[PDB]
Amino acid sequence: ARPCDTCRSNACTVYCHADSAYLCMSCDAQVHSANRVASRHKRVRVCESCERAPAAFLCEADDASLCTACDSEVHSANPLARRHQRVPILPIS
């Protein structure tokens, strides 16, 4: 688990490309509630496997939101995993 960039006691949960930062949910709230400009920053949940990279693909069959590398590694393990249909995740808010 990659730690939060703006505090000490928590592991990250979200990633913001605009700030190039990995934040726990509390720090996400503290940072992007300050004003409207920050509130317009698009953020994405962290990968649920490695928890070190922004999530990029949602697989409902796996019930998992994974980053690019983890998506490729999970769905190259065998022909059953390959058949899984994944949907790209988009940053929001």
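So that there is no doubt, residue numbering starts at 1 and follows the sequence shown.
- Relative to its counterpart among 26 to 34 and 57 to 65, 26 to 34 has the higher mean temperature factor, C-alpha atoms as listed in the PDB entry.
- The PDB entry records a higher mean C-alpha B factor for 9 to 17 than for its counterpart among 67 to 75 and 9 to 17.
- Looking at the C-alpha B-factors along this chain, the one for residue 89 belongs to the lowest third.
- Sort the chain's modelled residues by C-alpha temperature factor and residue 45 lands in the lowest third, per the entry.
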